[PDB]
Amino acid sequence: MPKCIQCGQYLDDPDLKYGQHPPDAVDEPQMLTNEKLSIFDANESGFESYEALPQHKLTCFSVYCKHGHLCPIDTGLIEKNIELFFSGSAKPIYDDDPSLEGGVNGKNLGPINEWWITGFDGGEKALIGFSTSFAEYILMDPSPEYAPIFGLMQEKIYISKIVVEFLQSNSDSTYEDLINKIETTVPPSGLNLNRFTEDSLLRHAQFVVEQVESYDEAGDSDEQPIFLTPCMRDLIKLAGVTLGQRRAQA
């Protein structure tokens, strides 16, 4: 059972091979220069700092290793500086239509420097983003071939969203209150997720604690902080023991 030297997945899987790029796709710098992605009336002063990477939407997206395999992003490859590239169709940052139309097709984008979750403002959707050396992108819909991979990751992402939004909001609440909140949160309209339960949290406890900590740390200017609220102390304790020990306490 031979594995890819880069992405570590099993090679004897025809489904793994990334297909063709989106039609007439271009490289990342050329893509980013397309007028359809400009939200500026350009003037001799500029609107943003040069220190600030442009940010766009990306739809019909696929992520692959340098040997051409469709690849998940949550298994630690990016963090190990394994190069994951992507393709898809970039769209204006405000655009909420995940269709290919109005997009700029890009190929061999990246590699991805880091990925992240954001959008903890109480809206329906979680936001997943990629950073490259040239731009940031907010994901829309996966390509048909990449959809199964991206789908596998959605449960842990929305448990995290629930938790972050609950903790930022409710600085003196209990584990019991969090479970109640989780149980009463309706999964997102666009997906087919099961209801969330306490065991949902327990199974993803380590990932959830990491997202809280990353949320706090990214706040250079703690606007809605969490840190060590009581509920969070309980979550940290849970995340530091095995799943069986978490469940024993339930």
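Residue indices: 1-based, along the sequence shown.
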Going by the B-factors listed in the PDB entry, is the mean over the C-alpha atoms higher for 15 to 23 or for 231 to 239? 15 to 23
Comparing 200 to 208 with 177 to 185, the higher average Cα temperature factor in the PDB entry belongs to 177 to 185
Per the entry's Cα B factor values, which of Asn81, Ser143, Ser171, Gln154 stands out as the maximum? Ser171
For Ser99, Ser87, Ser160, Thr132, the deposited C-alpha B-factor is largest at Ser99
Among the modelled residues of this chain, does the Cα B factor of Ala250 put it in the lowest, middle or highest third? highest
When the modelled residues of the chain are sorted by Cα temperature factor, does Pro92 land in the lowest, middle or highest third? highest
Based on the entry's values, in what third of the chain does the Cα temperature factor of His56 lie: lowest, middle or highest? middle
Ranking every modelled residue in this chain by its Cα temperature factor as given in the entry, which third contains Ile5? middle
Relative C-alpha B-factor of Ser221, binned into the chain's lowest, middle or highest third: highest
